[PDB]
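K.L.:
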Amino acid sequence: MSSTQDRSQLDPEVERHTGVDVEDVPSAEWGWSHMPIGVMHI
Amino acid sequence: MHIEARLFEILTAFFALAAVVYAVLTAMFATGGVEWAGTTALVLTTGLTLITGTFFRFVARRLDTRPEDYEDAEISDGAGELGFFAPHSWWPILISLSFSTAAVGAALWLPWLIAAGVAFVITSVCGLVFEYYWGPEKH
Amino acid sequence: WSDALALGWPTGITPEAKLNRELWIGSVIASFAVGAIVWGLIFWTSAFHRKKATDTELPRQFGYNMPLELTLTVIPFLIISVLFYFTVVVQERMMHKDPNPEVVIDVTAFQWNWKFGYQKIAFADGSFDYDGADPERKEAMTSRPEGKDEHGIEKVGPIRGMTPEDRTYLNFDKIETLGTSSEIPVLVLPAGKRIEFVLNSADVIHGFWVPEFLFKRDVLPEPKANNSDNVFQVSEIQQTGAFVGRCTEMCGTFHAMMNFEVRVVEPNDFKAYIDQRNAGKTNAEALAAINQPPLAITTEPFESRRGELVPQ
Amino acid sequence: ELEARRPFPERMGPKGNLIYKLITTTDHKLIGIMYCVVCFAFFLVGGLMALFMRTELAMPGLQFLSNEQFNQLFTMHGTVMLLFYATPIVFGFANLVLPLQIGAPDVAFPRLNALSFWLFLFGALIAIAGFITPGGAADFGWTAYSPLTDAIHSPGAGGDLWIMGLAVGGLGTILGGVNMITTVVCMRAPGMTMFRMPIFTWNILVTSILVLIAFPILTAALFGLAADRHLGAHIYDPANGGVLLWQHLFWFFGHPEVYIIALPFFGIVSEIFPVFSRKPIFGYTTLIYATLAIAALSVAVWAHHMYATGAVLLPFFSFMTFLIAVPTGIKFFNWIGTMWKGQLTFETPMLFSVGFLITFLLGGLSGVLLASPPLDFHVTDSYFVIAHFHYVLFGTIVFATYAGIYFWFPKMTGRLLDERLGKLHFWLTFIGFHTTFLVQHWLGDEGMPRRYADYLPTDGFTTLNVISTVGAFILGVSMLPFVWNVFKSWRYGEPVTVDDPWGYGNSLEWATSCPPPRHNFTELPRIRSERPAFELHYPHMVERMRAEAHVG
Amino acid sequence: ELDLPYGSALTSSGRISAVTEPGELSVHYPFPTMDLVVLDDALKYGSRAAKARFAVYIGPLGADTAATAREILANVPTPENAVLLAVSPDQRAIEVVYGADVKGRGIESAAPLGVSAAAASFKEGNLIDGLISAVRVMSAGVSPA
Amino acid sequence: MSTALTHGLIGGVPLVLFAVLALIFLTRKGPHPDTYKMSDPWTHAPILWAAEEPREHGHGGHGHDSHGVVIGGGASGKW
Amino acid sequence: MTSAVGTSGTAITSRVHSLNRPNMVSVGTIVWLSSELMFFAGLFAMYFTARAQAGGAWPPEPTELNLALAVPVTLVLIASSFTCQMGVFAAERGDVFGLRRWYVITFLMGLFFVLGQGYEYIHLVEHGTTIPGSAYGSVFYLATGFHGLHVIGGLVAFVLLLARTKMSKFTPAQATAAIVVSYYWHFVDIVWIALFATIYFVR
Ligand code: HEA
Ligand code: HEA
Ligand SMILES: CCCCCCCC/C=C\CCCCCCCC(=O)OC[C@H](COP(=O)(O)OCCN)OC(=O)CCCCCCCCCCCCCCC
Ligand SMILES: [Cu+2]
Ligand SMILES: [Cu+2]
Ligand SMILES: [Cu+2]
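As structure tokens, then:
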């Protein structure tokens, strides 16, 4: 119990609405989280 | 732990008999007397089983019958606080890698790599052992 | 029927080989009887399918049959004890160690070929005033008065005061039938006589096995120091002709290229061969002189080339 | 009055939910899965080495292999299959179900068994890594006899990597033995007495003791060899008892090694017969004594692999070699008794389990033939011995392990392996196996010593070798149905929403959700007999299992 | 109260541990595994956009179809934002029900579209394909809360 | 002996046996129930399927309570 | 985080309550020591085979065992075992600092044993006998130096356990850790007694 729950306001800016989702990558909103599969295929 | 001790007691009896008969029938009826390899191996596996069985017997006499060792024991009897079992840990793989480094250093006779692998083994074993005792950072 | 039931065991050429083959036939008969009954049990309990007529009623659920367990743990002991008694009586004639061998062959096996010395020959009928040489058994005692240090060490040697590079255990003889990589060695032995083999290895363990002797031994580097009874005897060799022999323990890379021959010839042929070898001649020359093919007829010294696809 | 379940269970899982577990997993169930997957990878890698040997040996010439390349193949094939597939997978199965089968949540030291797996994996890799070196892997045989392994003979680095790779892998096996033996002794269900824990857990327990007795000797011997190779320590100098010292040291480990490889899968086979025969394991108390006797005898009958050396007390080891065959006979008869008068249903676990009986017996029957020194003389170090221990190993640690995999795939994945593909895999394996090795008895009976890279066309038994190669490639393709079955059944395939996909299960591992909850249980039944799960699922049988028991 | 006809027992806790004879299966769903997987994939990630739990009820829904649809939607874990499409081929009937939270997000406008998508495929003779198509159309219609 | 013959044998006998065994076994009716034909009546028990798509507050069952069905829509159709 | 979901003072506790049930760590360490006994069995087999194959004069002429130095180190190892047992007695109690004192002096005396073994090693080496120099020298060095490596590992375990006692509150788990370390040290001294009787007295 010698710990304090953290809370953070990260300045956001693509709107992560076409791509990866928190269900697939839990921290999608926290950073670059998805590379187009076309990039990996090519 | 009566049966647990008795298993090793039986193994010790058999291995002692095997060592004695091997030693006798090799001291006589062999090309060069006692073999001194099979004899020693049999004697010290008798010692293996003897040590384990003696400890188990000490424990059995020191312990009252557990639910595990007690026929006709209900689950609620043993229900209670089980002890600490280590959750997830990534120190075992580091220990294995350090020992592998030391092993390749021994195979390819590289004393520098042997020293590095031994240092890494010390570090990784220290990490594993201290994993659940390292206190919080004091700043 | 015996040949087929022997599972590809060559018909022996020695009394020991014949006796071993008979024991093998008996043991295989016993093993096949046991296997037949057990396979019958398995294929008969495979008739206990889950019959659709089986209603909501589980099987007899018995387990735990003490008398049956006792019977089936008594009978295997009887079977294996009979087999052990037969094994012991056959083993007794594995090395009779007759102190009067009729011909002694010093078989020294080095890395990837053989050499045969003809240590001694003493025919019972009376012949062959022959003997081994042994002037060349020279030791390698590293008993220098002083080593690197100034004094005190006076090192004698690592092992029993000698050096591992000793080779004194090896024995050498006047007539050496050394086998070259391109010439398969052909140890020639008289038929009908008792042949002792004194077995040794120059470098590494390997195994002298004449498949038609129905017997192999492991030529070790220092059998006497390893408590190994390298020397072993054969009471007789009835059939004449060339018999292949092979290496049957790991020698190195060319472990499969150590094949040799044990050509059994008549006693008069052996007389002529040994006389012609005492006279300056090679093994092939002596064989040709006694009118027998010089080169190993059961095997060839096959290609020294590493393989087929190597560009010559 | 109805549940909202997904149309199909989750196939694979979210991105990045597994990689970090493998690194940090302290769960025996996942570690056992890692063992099984990795062990099978070494089976395929080690098995591929035999196909190269098979292709080369199909014809008298040296078509594509060299003498030393072939020599490295059976060294590493024998090494990989035994020490990197057969011995590491007993603790793979132990970690898989042994805590489940005793009611425990985890193993005694679960960070230690994680270390054991990684010691196995990395130790195995450095041994196989002798191949990438220019010289090659260890050229000497798997037995690695003394003078041939000295620095003078086989001086390459691959031989050394092999020695140390076994030392690293050996430690993991020793530590794994400490967990299983400590887990059984200490961690057990509140009602599971030592004489009521399943036969497989008992078999692993005694196997662990054999591991502790045997493997440390190997590590001592390997270091002695490594000291001899790197320091000229004269430890195995032939002028000493070196040649017979190593054989005494190695086989004292070796023969227990071939029994720690055997006893665990006797338990697996013993776990599968009662569930599919719908009756108790015939003679439970006898099997545990038989297992105990085998382990006790295996230690003192080590030298029957050294009959040809002519340097051992020949009668002594033969007698105990005939004495250790009797307990294995009792075990074999008990398995038939379990099958006797039972409602047998030959699903893919029984199919493999019965195959073990057929293949093991013939290999076993040849085993006693080898126990006779006079017969062992001619047949020693020949392909008859190669045929012996393959009918016994493959029977014991391929047929049984596959039976264990097929039997316990639902209990670790929640999915059922396809029965049709399993039957195809078995018969390909069964037909393939008997083809490759049955003729090898005749092959070696007539003169053909093993570890022969090439043979003359004039030498007979050229037709047998091709027949053997045909069988091995039937075995080669037999692993395709299995890998396909597992590949398309791990993520797809008939899900099991119930305990005991094979009804009438025992051993208390069938008393929990087929994918077991972390810590193995949400419900521990009242353990009364050797069949807790059966007692739970069929309470009406509880009285009958006591009444009909004694009659036998 | 009675457990399954054979081999299923109530454990010390609530969970019932069941068994099946070795040959047979557990789910017994009368659909191919692959199109079951397809419908599961739809329900799972083709609905993540909707952020409302999509459910499919193939069972019969008799008497007043609408009301039975309501009280089977009640069984969805969170009916507040849930979309239950129920088809009874015993009655050739389709009924879609929505939770209070999933309302005004295009769900009401997507109901005829989803029902028509289901109906076309059903009259074509493909229950699972029709369910998948209806789920896809409805999930496209719904917007995240 | 007949290098080509031996190669063809070792390469083909496994393939022929595999094909035969696959025909014998893989062509057997599986345990999976046959697809439900629309014409036949619905004999299977009622099936309710759910996405498990969202996060359901706390994982533990207790505390969820029963807020209510709160039905907020409807539809109908007859194929 | 009201107080704790797990009502335990220590994040790390015994693996099972040792008062009623076996100490799991003790069981494991005892089994592992029983295995190390077989490791030393292999070493003993090597030594005894070399002794048997020696031609009467088992220690070659160049080698001369310095029993005058080998007896003090053996007595020091016995004393190390005794003081380690005293440290165990402290560990059974909550005597953190008593355990630390006993184990520190145990470590010091084990280090003295290692240094004395090294001194005898260099003395023997300069007096001819070396691993490549003789079969006796090689078997003796193999056995005694593998025991020395085990003693070094024991010293490492001692210092590691002391560091662990320095970083967390003493608990039954940590007392058990001390107990198993003491088991290892006792096994090491017992195998040393065996090796001493075999090398220096039996010869
Ligand atoms: C799982 C592995 C396994 C198992 C169970 C066995 C079991 C046995 N082995 Fe095995 N053996 C090996 C693996 C195994 N072996 C290996 C890997 C080698 C290496 C080859 C080498 O390097 O030399 C080897 C080598 C080997 C040799 C040396 C061959 C040689 O080098 O020339 C010999 C005997 O000489 C032998 C004997 C036996 C015997 C008597 C049994 C028996 O204990 C059990 C099997 C026999 C039975 C008979 C069981 C069936 C019994 C009944 C059905 C009861 C009724 C029947 C009778 C009473 C006959 N084995
Ligand atoms: C577990 C132990 C085990 C197993 C399973 C096997 C399996 C097989 N063994 Fe085994 N074998 C031994 C242990 C084992 N062997 C031992 C211990 C020796 C003695 C070694 C010595 O004396 O030094 C030996 C010796 C031995 C020899 C004698 C070598 C010689 O002396 O020259 C031969 C010859 O054919 C042989 C053949 C086979 C075959 C054909 C199989 C088959 O059953 C194997 C099945 C094959 C596969 C499963 C491969 C198919 C898969 C693929 C082709 C896919 C590859 C994919 C990847 C690599 C990713 N073995
Ligand atoms: C496996 C290790 C490798 C194989 C196994 C080795 C086991 C040995 C164990 C302990 C030995 C310690 C005592 C050694 C000291 C005894 C004296 C002596 O040895 O004699 C002097 C010689 C020179 O002799 P010289 O040239 O003829 O010149 C004479 C001058 N007149 O030094 C030497 O070679 C000795 C050097 C040996 C160093 C060994 C270090 C081992 C550390 C390995 C770490 C763990 C590896 C893990 C592997 C998985
Ligand atoms: Cu050879
Ligand atoms: Cu040779
Ligand atoms: Cu054996």
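Protein chains in written order, with the entry's author numbering: chain J, 1 to 13, 22 to 50; chain Z, 1 to 139; chain K, 27 to 338; chain L, 10 to 561; chain b, 13 to 157; chain a, 1 to 79; chain X, 1 to 203. Backbone N, C-alpha and C fix where the C-beta goes; we use that ideal spot for every residue, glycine too.
Find the residues of chain L that neighbour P92 (chain Z), judging by a C-beta separation of less than 7 angstroms, and give them in chain order.
P.N.:
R120, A123, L124, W127
K.L.:
Does ligand 1 have even one heavy atom less than 7 angstroms from the beta-carbon of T410 (chain L)?
P.N.:
No; taking the cut-off as 7 angstroms, the Cβ of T410 (chain L) has no heavy atom of ligand 1 nearer than that.
K.L.:
Count the other C-beta atoms from every protein chain shown that fall within 10 angstroms of the C-beta of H57 (chain a), then say buried if there are 16 or more, exposed otherwise.
P.N.:
With fewer than 16 other beta carbons inside 10 angstroms of its own, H57 (chain a) counts as exposed.
K.L.:
Going along chain Z in order, which residues have a C-beta closer than 7 angstroms to the C-beta of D115 (chain L)?
P.N.:
Under the 7 angstroms cutoff, chain Z gives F85.
K.L.:
What does the alpha-carbon distance come out to for the pair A163 (chain X) and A91 (chain X)?
P.N.:
15 angstroms
K.L.:
Taking the alpha carbon of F97 (chain X) as the point to measure from, which residue in X:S168, X:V73, X:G133 has its own alpha carbon closest?
P.N.:
X:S168
K.L.:
Run down chain a in chain order and give the residues with a C-beta less than 7 angstroms from the C-beta of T96 (chain L).
P.N.:
What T96 (chain L) touches in chain a: nothing, since even the nearest Cβ is about 29 angstroms away.
K.L.:
Quick check: the segment 284-299 of chain K against the segment 205-216 of chain K, are there 3 or more CB pairs under 8 angstroms?
P.N.:
yes
K.L.:
Would you list the one or two residues that DSSP bridges to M188 (chain K)?
P.N.:
K:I185
K.L.:
Could you run through the segment 92-104 of chain K and flag, in chain order, every residue whose CB is less than 8 angstroms away from some CB of chain X?
P.N.:
none
K.L.:
Tell me the residue span of the beta strand (DSSP E) that contains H397 (chain L).
P.N.:
Unbroken run through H397 (chain L) is the alpha helix (DSSP H), 392-403; no beta strand (DSSP E).
K.L.:
In angstroms with no decimal places, state the Cα-to-Cα distance between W50 (chain K) and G456 (chain L).
P.N.:
16 angstroms
K.L.:
Between the segment 42-62 of chain b and chain a, which residues of the former have CB atoms less than 7 angstroms from a CB of the latter, in chain order?
P.N.:
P42, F43, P44, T45, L55, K56, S59, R60
K.L.:
Between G89 (chain K) and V99 (chain L), what straight-line distance do the alpha-carbon atoms span, to the nearest angstrom?
P.N.:
27 angstroms
K.L.:
Any residues whose CB sits closer than 6 angstroms to a heavy atom of ligand 6? List them in chain order?
P.N.:
Every residue passing the under-6 angstroms Cβ criterion appears here: L:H264, L:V267, L:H313, L:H314.
K.L.:
Do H232 (chain K) and ligand 4 come close, with the Cβ less than 7 angstroms from some heavy atom?
P.N.:
yes
K.L.:
Across which residues does DSSP place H232 (chain K) in a beta bridge pair?
P.N.:
K:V245
K.L.:
Considering only residues of the same chain and omitting the five flanking positions on each side of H122 (chain K), which have a CB-CB separation below 8 angstroms?
P.N.:
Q259, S261
K.L.:
Report all residues from its chain with a CB closer than 6 angstroms to the CB of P526 (chain L); omit the five preceding and five following residues, and keep chain order.
P.N.:
Answer for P526 (chain L): no residue qualifies.
K.L.:
Taking beta-carbon pairs under 7 angstroms, can you tell me which members of the segment 31-60 of chain X lie near chain K?
P.N.:
So the close ones are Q53, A54, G55, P60.
K.L.:
Suppose you measure from the CA of residue 614 (chain L) to the CA of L44 (chain Z); what does that come to, to the nearest Å?
P.N.:
Because residue 614 (chain L) is not part of the residues shown, which for chain L are 10 to 561, the question remains open.
K.L.:
Report the three-state DSSP secondary structure of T206 (chain K) (helix, strand or coil).
P.N.:
It is a strand residue.
K.L.:
Our contact map puts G250 (chain L) next to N252 (chain K) with C-beta atoms below 8 angstroms; I'd like the distance itself, whole angstroms only.
P.N.:
By a beta-carbon distance limit of 8 angstroms, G250 (chain L) contacts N252 (chain K). Their separation comes to about 5 angstroms.
K.L.:
Could you tell me the alpha carbon to alpha carbon distance between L21 (chain a) and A81 (chain b), rounded to whole angstroms?
P.N.:
Separation of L21 (chain a) and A81 (chain b) (C-alpha to C-alpha, rounded to the nearest whole angstrom) is 50 angstroms.
K.L.:
Using the beta-carbon count (16 or more within 10 Å), is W70 (chain K) buried or exposed?
P.N.:
exposed
K.L.:
Going by the C-beta, is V104 (chain X) closer than 7 angstroms to any heavy atom of ligand 3?
P.N.:
no
K.L.:
Examine the Cβ distances between the segment 30-37 of chain a and the segment 34-41 of chain b and report whether three or more of them are shorter than 8 angstroms.
P.N.:
yes
K.L.:
Can we count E71 (chain Z) as close to ligand 8, meaning its CB is less than 7 angstroms from some heavy atom?
P.N.:
Absence of ligand 8 from the depicted structure is noted, with ligand 1, ligand 2, ligand 3, ligand 4, ligand 5 and ligand 6 being the only ligands included.
K.L.:
Helix, strand or coil, according to DSSP, for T134 (chain K) in the structure here?
P.N.:
If DSSP states are grouped into helix, strand and coil, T134 (chain K) belongs with the strands.
K.L.:
In the DSSP assignment, what are the bridge partners of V109 (chain b)?
P.N.:
b:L96
K.L.:
In the segment 8-41 of chain a, which residues sit with their C-beta less than 7 angstroms from some C-beta in chain L, listed in chain order?
P.N.:
Here the close residues are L9, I10, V13, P14, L17, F18, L21, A22, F25, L26, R28, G30, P31, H32.
K.L.:
Given this structure, state the Cα-to-Cα distance separating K38 (chain L) from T123 (chain Z), to the nearest angstrom.
P.N.:
28 angstroms
K.L.:
Considering only the beta carbon of each residue, do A27 (chain Z) and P199 (chain L) sit closer than 8 angstroms?
P.N.:
Cβ distance not < 8 angstroms, so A27 (chain Z) and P199 (chain L) don't count as in contact.
K.L.:
Of all Cβ atoms in chain K, is any one closer than 8 angstroms to the Cβ of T65 (chain Z)?
P.N.:
no
K.L.:
Would you list the one or two residues that DSSP bridges to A67 (chain b)?
P.N.:
b:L96, a:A50
K.L.:
Between the Cα of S72 (chain K) and those of L:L175, L:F83, L:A50, L:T354, spot the shortest distance and give me the residue it belongs to.
P.N.:
For the options L:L175, L:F83, L:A50, L:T354, the alpha carbon positioned closest to that of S72 (chain K) is the one of L:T354.
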